[PDB]
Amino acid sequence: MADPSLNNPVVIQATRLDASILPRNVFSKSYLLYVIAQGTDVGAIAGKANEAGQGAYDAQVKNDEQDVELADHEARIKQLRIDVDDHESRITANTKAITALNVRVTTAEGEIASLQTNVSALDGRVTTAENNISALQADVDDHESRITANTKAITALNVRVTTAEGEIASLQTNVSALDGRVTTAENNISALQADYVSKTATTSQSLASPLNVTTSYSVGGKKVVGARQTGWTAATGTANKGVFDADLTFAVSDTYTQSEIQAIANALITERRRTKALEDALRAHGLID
């Protein structure tokens, strides 16, 4: 460290030299040009050897407050170094984060503006949709208000069709019924014209049957027959269908002749028998009783 002894003065120098008292008798002048000078030189060398060690201590005691402030330095540096070195790994790490973050920010911002245009695209896409759906519900509303009016007038014309369809058969069975009714009538009229007598024809009409009339038969507007006459007694006798002559019963004379009255009586007999068979006619027919 330091030496304090250095700072301890040796100065003595007990005595200062004078002559007297020294053998100035036994000495040459020159030993006295030495012995007084030797004493002064010895004493000046001491004080100088003393000052040499005062300054040697001051230089030693400075070196000891230098080494103490060297050692305070040596420490303040090492903790300044251990600090920059740790600050180093810490900044090197702080940037390493900033650089691998900005990449997380860039991958974000890039998807967002993509997401931004992948959003308002879907909004546009649903607006087309929305506007369609509403029109589709505008048409379906019109379609429902129509189909039903179609169904309603289909029912309304079906009840007019099934009516006529059943009235058609009514007429069609009225026509075929009247068809049989017409043909038998026209056939009965054809026969009725064949078997009937007309007030209008000359062509002689032949009955297969007897005839009856109320009062008189007639021709030309004159009465030709009447009721069978009454009151008759039937003439009996012999009916003469033989020859009949109108001759004079003659020879009537002035004298009685038997042969003529015999003729007149025989021209009576035979005249009565015509009138008898002329009566046999009017009876057989029935014109008289």
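Residue positions are given as counts along the sequence shown, with the first one as 1.
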If you average the Cα B factors in the entry, which is higher, 186 to 194 or 210 to 218? 186 to 194
Mean B factor on CA atoms, stretches 123 to 131 and 89 to 97, record says higher is 123 to 131
Of the residues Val224, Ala234, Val61, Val243, the one carrying the largest Cα B-factor as recorded: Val61
Listed options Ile147, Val175, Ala75, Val140: highest C-alpha B factor recorded at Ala75
Just say lowest, middle or highest third for the CA B-factor of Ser253 relative to the other modelled residues in its chain. highest
Sorting the chain's modelled residues by C-alpha B-factor and splitting them into thirds places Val68 in the middle
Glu51: which third of its chain by C-alpha temperature factor? middle
Can you work out whether the C-alpha temperature factor of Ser28 puts it in the lowest, middle or highest third of the chain? highest
In terms of its chain's C-alpha B-factors, the third that includes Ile288 is the lowest
